[PDB]
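Quick note on numbering: the sequence shown equals residues 206 to 239, 241 to 262, 276 to 475 in the deposited numbering.
Where is the CB? At the ideal position from N, CA and C, for every residue including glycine.
Notes follow once the structure below has been shown.
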Amino acid sequence: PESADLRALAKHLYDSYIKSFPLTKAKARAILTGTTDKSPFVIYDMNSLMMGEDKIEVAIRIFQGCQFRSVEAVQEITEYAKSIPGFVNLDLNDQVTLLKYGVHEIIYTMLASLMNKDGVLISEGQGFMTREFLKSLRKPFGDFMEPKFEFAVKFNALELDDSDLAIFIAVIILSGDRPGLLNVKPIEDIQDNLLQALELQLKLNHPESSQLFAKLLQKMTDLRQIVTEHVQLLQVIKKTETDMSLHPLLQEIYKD
Ligand SMILES: CC/C=C\C/C=C\C/C=C\C/C=C\C/C=C\C=C\[C@@H](O)CCC(=O)O
């Protein structure tokens, strides 16, 4: 049967995901819901902030923090992409294009794994910065993360685990609707059996979660929105802070 072929694919992607991302959702949840060995230091104010620097501008200093981290995620995501069957065999220009557009959608999908209603894990889970402390930041920085939490709280309500996420982030990267794609066909063919792999995976892994597959695909809309707001807000910074530098890798990704 072909089902056997789809599980092998599901398994392969899961193995690669674990190899590419150091902080999985399983670990993240273990830390958030916990355990005495995985307990994080919590940052909820400026004092605990300067206290946190030990154990582990202001709004700008953390903004650069996210920047460096996002660059790391891009690297990890790029490494995972190469493992998707057929990906590296596609035209180079498109490989670059698929990455340029899928990286941020994937970053916010996985960032949810490190979030709960109250805040978000940092420094590979050694810390936990409160949602409120982030919202208290001088504008426009103060409202950089709120849209992520709102998305996270509802995305997390689907109760997906890592083996599920591995296939879904792969489906995201292999999107034949990306601006500027040279050969949409071979890309669509790959996503086709990836979606087939996802459908079966959700059915077996969540036998009683009616239409999770359809529900999860609709979430691909919420991600689009998030990216846009982030980009607009980003344009504001570059003008209000002509003295703050932005990483090249991230600048080339935003030409959009
Ligand atoms: C030690 C890091 C301190 C705080 C981290 C808190 C949140 C960051 C968590 C994940 C990073 C993902 C997105 C960061 C949010 C906005 C990023 C602003 C830019 O700069 C870089 C983001 C980008 O454009 O990719």
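**Q.** Exposed unless 16 or more other CB atoms sit within 10 angstroms - verdict on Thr-241
**A.** As a first step, residue 241 is located in the sequence shown; it is residue number 35 there, counting from the start. By the neighbour-count rule (16 or more Cβ atoms within 10 Å), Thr-241 is not buried but exposed.
Q: Kindly indicate which residue of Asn-402, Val-307, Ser-221, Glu-369 has the alpha-carbon position closest to the one of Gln-444.
A: As a position in the sequence shown, residue 444 is number 225, starting the count at 1. Nearest option by C-alpha distance: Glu-369.
Q. Per DSSP, what kind of secondary structure is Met-252 in: helix, strand or coil?
A. Against the sequence shown, residue 252 aligns to sequence position 46. Three-state result, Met-252: helix.
Q.
Do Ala-278 and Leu-330 count as a contact pair if the criterion is CB distance below 8 Å?
A. As a first step, residue 330 must be located in the sequence shown, where it is residue number 111. As a first step, residue 278 must be located in the sequence shown, where it is residue number 59. For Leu-330 and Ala-278, no; Cβs fall outside 8 Å.
Q: With a 10 Å radius around its C-beta and 16 neighbouring C-beta atoms as the bar for buried, classify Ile-391 as buried or exposed.
A: Taking the first residue of the sequence shown as position 1, residue 391 is located at position 172. It is buried - the Cβ of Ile-391 has at least 16 other Cβ atoms within 10 Å.
**Q.** Alpha carbon of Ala-292 to alpha carbon of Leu-317, nearest angstrom
**A.** Taking the first residue of the sequence shown as position 1, residue 292 is located at position 73. Taking the first residue of the sequence shown as position 1, residue 317 is located at position 98. Rounded to whole angstroms, the separation of the alpha carbons of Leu-317 and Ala-292 is 15 Å.
Q | Where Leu-401 falls, given that 16 or more other Cβ within 10 Å makes a residue buried | A | Counted from its first residue, the sequence shown places residue 401 at position 182. Exposed: under 16 other Cβ atoms inside 10 Å.
Q: Below 8 Å on the Cβ atoms is my guess for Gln-420 versus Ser-382; work out the distance and round it to an integer in Å.
A: For the purposes of this step, residue 420 is taken as the residue at position 201 of the sequence shown. For the purposes of this step, residue 382 is taken as the residue at position 163 of the sequence shown. Yes, they are in contact, since the Cβ atoms of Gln-420 and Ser-382 sit about 7 Å apart, within 8 Å.
Q. How is the beta strand (DSSP E) around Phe-347 delimited, first residue to last?
A. Sequence index remark: in the sequence shown, residue 347 carries index 128 (1-based). Secondary structure note for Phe-347: its beta strand (DSSP E) is the uninterrupted segment 346 to 349.
Q | Neighbour-count burial assignment, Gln-410, 16 or more Cβ in a 10 Å radius | A | Residue 410 sits at position 191 when you count from the first residue of the sequence shown. That one is buried.
Q | Straight-line gap, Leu-211 to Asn-412 (C-alpha atoms, nearest Å) | A | Taking the first residue of the sequence shown as position 1, residue 211 is located at position 6. Taking the first residue of the sequence shown as position 1, residue 412 is located at position 193. Cα-Cα distance, rounded: 8 Å.
Q: Indicate, with yes or no, if ligand 1 has a heavy atom lying under 7 Å from the CB of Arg-234.
A: As a first step, residue 234 must be located in the sequence shown, where it is residue number 29. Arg-234 has its Cβ no nearer than 7 Å to any heavy atom of ligand 1.
**Q.** Under the three-state DSSP convention, the category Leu-340 falls into
**A.** As a working mapping, residue 340 is identified with position 121 in the sequence shown. Strand, per DSSP.
Q | Among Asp-462, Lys-474, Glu-324, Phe-387, nearest to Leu-431 - alpha-carbon criterion | A | Reading the sequence shown from its first residue, position 212 is the one you call residue 431. Of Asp-462, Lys-474, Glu-324, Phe-387, the residue nearest in Cα terms is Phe-387.
(Q) Are there any heavy atoms of ligand 1 lying less than 7 Å away from the beta-carbon of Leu-330, as far as the coordinates show? (A) Here residue 330 is taken as the residue at index 111 of the sequence shown, counted from 1. With a cut-off of 7 Å, the C-beta of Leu-330 is classified as near ligand 1, since at least one heavy atom of the ligand falls inside that distance.
Q. Should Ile-249 be labelled buried (16 or more other beta-carbon atoms within 10 Å of its own) or exposed?
A. Locating residue 249 in the sequence shown gives position 43, where the first residue counts as 1. The residue in question, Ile-249, is buried, as its Cβ has 16 or more Cβ neighbours within 10 Å.
Q | Classification of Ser-332 by the beta-carbon crowding that lies within 10 angstroms, buried from 16 upward | A | The residue labelled residue 332 in the question sits at position 113 within the sequence shown. Buried, by the Cβ-count rule.
Q: Could you check which residue in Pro-227, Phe-352, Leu-214 has the C-alpha nearest to that of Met-252?
A: Within the sequence shown, residue 252 is the residue found at index 46, counting from 1. Checked all of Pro-227, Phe-352, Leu-214; the closest Cα to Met-252 is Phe-352.
Q. Residues in its own chain within less than 7 Å of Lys-434 by CB, not counting five upstream and five downstream?
A. Counting from one through the sequence shown, the residue named residue 434 turns up at place 215. Closer than 7 Å at Cβ, skipping near neighbours: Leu-377.
Q.
Please tell me whether, using a cut-off of 7 Å, the distance from the CB of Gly-284 to the nearest non-hydrogen atom of ligand 1 is below it.
A. Here residue 284 corresponds to residue number 65 of the sequence shown, with the count starting at 1. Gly-284: yes, Cβ under 7 Å from ligand 1.
Q | For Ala-213, the first and last residue of its enclosing alpha helix (DSSP H) | A | Numbered from its first residue, the sequence shown carries residue 213 at position 8. From DSSP, the alpha helix (DSSP H) with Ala-213 extends over 208 to 225.
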